[PDB]
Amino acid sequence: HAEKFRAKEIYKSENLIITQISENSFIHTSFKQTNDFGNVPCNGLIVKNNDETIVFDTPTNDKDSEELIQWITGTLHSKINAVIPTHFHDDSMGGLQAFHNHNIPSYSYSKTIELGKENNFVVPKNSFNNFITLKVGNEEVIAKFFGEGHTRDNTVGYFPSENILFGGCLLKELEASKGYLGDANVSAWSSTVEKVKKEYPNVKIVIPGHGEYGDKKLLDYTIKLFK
């Protein structure tokens, strides 16, 4: 990592890690319990302007979501304008009920709601097809569907003021394996990520759904992996 903004790990408990990666954005990392490999890390993104934030992805469960919400409200001293699960799997949406219990507006791609309901998961209350821009303070965030890949509903988040891309599980960390393909369209995945890369050429940081963030190289790696 050689970004002009030197990343800072500003919070660490047994269950949640916050890593500041730009002046006003932060990776949230929590864990998914798998009966096979123990706890595996899962990422989301917090963006902030003044005393307002937007969160991409929930932790897998309400307890960790509550820890995250209380950290934002209690330590970042900010309101949460919105939460945006980037796909229907638990590592993006499993802890959504906690956000609803705080009356935090939730948004996802329409297909995320459809696939969530098919699995009797709690789903967001608002939907879009195929992008939305939401205000955070005097800035905005983009949430957009570019095509199928890891799942058929996966969306990405972009914070243009700091050129931060939250790729979600559509994006892989460098050298990652292909991961869980049970819900994937591997035929479209590379083309989808090519579209993301074309749309955000000035990207500075790319955050994958699991593992280590980096720069545009994660886009190139993920494209190549699925060709």
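Don't overthink the numbering: it's just position in the shown sequence, from 1.
On average the C-alpha atoms of 5 to 13 have higher B-factors than those of the other stretch, with 5 to 13 and 18 to 26 being the two compared. As listed in the deposited structure, the average C-alpha B-factor of 95 to 103 and of 69 to 77 is greater for 69 to 77. Of the candidates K197, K48, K63, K172, the deposited coordinates give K63 the top C-alpha B factor.
You'll see in the entry that, of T53, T58, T34, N202, the Cα B factor peaks at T34. In the deposited entry, the Cα temperature factor of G168 places it in the lowest third of its chain's modelled residues.
Ranked against the other modelled residues of its chain, the C-alpha B-factor of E139 as given in the entry falls in the middle third.
In the PDB entry, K117 places in the highest third of its chain by CA B-factor. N43 sits in the lowest third of its chain by CA B factor, as recorded in the PDB entry.
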